[PDB]
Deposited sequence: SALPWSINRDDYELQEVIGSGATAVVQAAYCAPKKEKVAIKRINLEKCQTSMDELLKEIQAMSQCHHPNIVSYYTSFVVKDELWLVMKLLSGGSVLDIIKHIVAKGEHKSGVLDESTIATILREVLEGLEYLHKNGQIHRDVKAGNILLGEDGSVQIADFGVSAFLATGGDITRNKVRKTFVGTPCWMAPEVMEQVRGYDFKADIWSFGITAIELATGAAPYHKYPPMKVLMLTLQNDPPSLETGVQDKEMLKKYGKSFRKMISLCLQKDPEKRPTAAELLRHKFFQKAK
């Protein structure tokens, strides 16, 4: 260990691409000084409608958040018109890959992951989120696809900071309507608690509730309906027999429209459901 991570681009040999969007590439790289194969997220600032002045607070937050249930951020530096984020390489895939695999094998009759694997994975997610919240931070993009698995059996939340920020859009009132009030006050960590309840639905049913709808209809479907439950998007109600009352109550505590009514991650760690974590 000893020293700080190199901000010299030439200290990193680019290797196999892991994933490739528009326009961010997650590529494996070897860092000789550290003798470690790492993952580099390469974000073209131009293409994301962003800049280094916009992203500074986000990078400062990533430099400060260090916990075993958060993918280690090592360092970041600009390479020409790209921001590079150097992080720990997790070789176990995401929880979403495991979901896609169970579904593709047709093993999802009666449910996708059983109640005790969900308790186990999401307990680790709640420990990471509780740490971020205590630190005055918000993840913003909690989902199965951002829960990464280490070869050591560790569960780590990915994309805290710049990635999540870019994924979620970047950045007396006596007469003022509630929806104006809502945007005036902004939002807080309790937003993660809602996304956490959606993520529980996704691990049980394989998909988020309104997954069948285009992006702008999901916004409306969500706001013009009662909060979703396991039953909202599921293929068949038969898939919901692996799941009992304490899981459903856990989910429904998360999924309240009023953020103040949602429990904190620490209170959730205490829920009856999380006693099933083996």
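- Gaps between the deposited sequence and the modelled structure occur only at positions 172 to 183.
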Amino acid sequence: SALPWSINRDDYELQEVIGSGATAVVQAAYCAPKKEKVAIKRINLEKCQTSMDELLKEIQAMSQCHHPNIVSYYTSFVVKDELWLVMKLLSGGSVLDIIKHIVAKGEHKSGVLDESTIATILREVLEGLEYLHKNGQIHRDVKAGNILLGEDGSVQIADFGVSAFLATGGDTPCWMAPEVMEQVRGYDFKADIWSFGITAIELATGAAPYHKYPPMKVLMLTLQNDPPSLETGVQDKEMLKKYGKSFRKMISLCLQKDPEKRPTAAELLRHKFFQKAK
From here on, numbers count along this sequence of modelled residues.
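- The stretch with the higher mean CA B factor, choosing between 50 to 58 and 63 to 71, is 50 to 58.
- For the two regions 108 to 116 and 155 to 163, the entry's Cα B-factors average higher over 108 to 116.
- Residue set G136, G145, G128, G170: peak C-alpha B-factor at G170 (per PDB entry).
- The maximum CA B-factor among the listed residues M250, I40, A32, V218, taken from the PDB record, is found at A32.
- Among all modelled residues in this chain, the alpha-carbon of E202 has a temperature factor (C-alpha) in the lowest third.
- Residue-level temperature factors show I193 in the lowest third of its chain, judged at the C-alpha atom.
- Per the deposited record, the Cα B-factor of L85 falls in the middle third when ranked against the other modelled residues of its chain.
- Split the chain's modelled residues into thirds by C-alpha temperature factor. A208 is in the lowest one.
- When all modelled residues of the chain are sorted by CA temperature factor, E260 is found within the middle third.
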